[PDB]
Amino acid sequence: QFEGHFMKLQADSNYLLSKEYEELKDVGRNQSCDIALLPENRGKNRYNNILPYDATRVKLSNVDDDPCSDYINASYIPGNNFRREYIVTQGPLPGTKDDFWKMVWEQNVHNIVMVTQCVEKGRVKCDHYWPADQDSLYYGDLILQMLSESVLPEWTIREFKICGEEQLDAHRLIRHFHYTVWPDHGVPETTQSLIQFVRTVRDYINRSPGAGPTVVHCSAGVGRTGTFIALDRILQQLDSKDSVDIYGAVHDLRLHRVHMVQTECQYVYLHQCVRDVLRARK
């Protein structure tokens, strides 16, 4: 049934697909971002036009001295199973790296997804915010150590040990999934690459049932990040319900954070992924 739906959307040079995507443009955008606009938080945002909504931002534990110490450019995102299934965030800045790992710890994060390179087309997109070697490093009051690094053709998987400096016995294993082949222009050259990356991450998410939200970020945490989350949601729907609601998924993402699935081309790519999964099965 999806195949016929997608064919009708593509008819007349994607007329109905484009109309549907444009129907989403205003979704969620009347929500305030006043906290992110406070002057004390100005240096904490990578992009002026990509701020979390007050109603869905992730809050850090407040430091007794600074009233704006609770701020990070990050948003809760629902999935098929939980209201706070993901946390989406920007590529950390040098000045927000400690806040990022504080959020990871406080939110009980066990899986982090990164869908960007640190530098692309000579432009800085994300700071290298994890250890480069096997030696331990403090990020604020949290000790981080890279236990392993596995470089595969289309992504890299790292294992980190994290623990607070007070309770060295109460450590946690974190997995980091770095998608390394998103091209400098457009969307991935194949659907198979992001499908299989998503399936890999989801298999690890399903293995940590007590974990907090899965962190997902790119540079701004909206375009590639929203494509990853939408694809994760609809591949689960396809395997379970045998149904698929791409529009509803992107709509729900937009309610929680601006620009999720930021281009029509990314919206098309999601439809092509579903079509390709179905075709491979028929």
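The numbering used is simple: start at 1 and walk along the sequence shown. We call the rigid core the largest set of C-alpha positions that still match within 1.5 Å between the two forms.
Novice: May I ask which stretch, 82-90 or 203-211, sits farther from the shown form in 7 other deposited structures of this protein once every structure is superposed on the core, judging by RMS CA distance?
Specialist: With the rigid core fitted, 203-211 is the stretch that strays more in 7 other deposited structures of this protein.
Novice: Which of these two stretches, 131-139 or 105-113, has the larger RMS Cα offset in 7 other deposited structures of this protein when the rigid core is kept aligned?
Specialist: The stretch that sits farther from the shown form in 7 other deposited structures of this protein is 131-139.
Novice: Looking at the other compared entries that model both neighbours, is residue 52 missing coordinates in at least a third of them?
Specialist: Counting only entries that model residues on both sides, residue 52 is resolved in every one of them.
Novice: Would you mind checking whether residue 242 is unresolved in the model of at least a third of the other PDB entries compared?
Specialist: Residue 242: modelled in every other compared entry.
Novice: Tell me which stretch has the larger mean Cα B-factor in this entry, 251-259 or 58-66.
Specialist: Comparing 251-259 with 58-66, the higher average CA B-factor belongs to 58-66.
Novice: Compare the mean C-alpha B-factor of 27-35 with that of 236-244 as given in the PDB entry, and name the stretch with the higher value.
Specialist: If you average the C-alpha B-factors of 27-35 and of 236-244, the larger mean comes out for 236-244.
Novice: Based on the PDB record, which member of 96, 191, 75, 80 exhibits the highest Cα temperature factor?
Specialist: Highest CA B-factor of the listed options: 80.
Novice: According to the Cα B-factor stored in this entry, which of the following is highest: 182, 86, 197, 130?
Specialist: In this record, 130 carries the highest C-alpha B-factor of the candidates.
Novice: Which third, lowest, middle or highest, does the CA B-factor of residue 164 fall in along this chain?
Specialist: Residue 164: CA B-factor falls in the highest third of its chain.
Novice: For residue 134, does the deposited CA B-factor place it in the lowest, middle or highest third of the chain?
Specialist: Residue 134: CA B-factor falls in the highest third of its chain.
Novice: In terms of the CA temperature factor given in the entry, to which third of its chain does residue 91 belong: lowest, middle or highest?
Specialist: Residue 91: CA B-factor falls in the lowest third of its chain.
Novice: Ranking the modelled residues of this chain by C-alpha B-factor as given in the entry, is residue 201 in the lowest, middle or highest third?
Specialist: Middle third.
Novice: Just say lowest, middle or highest third for the CA B-factor of residue 116 relative to the other modelled residues in its chain.
Specialist: For residue 116, whose C-alpha B-factor we compare with every modelled residue in the chain, the answer is the lowest third.
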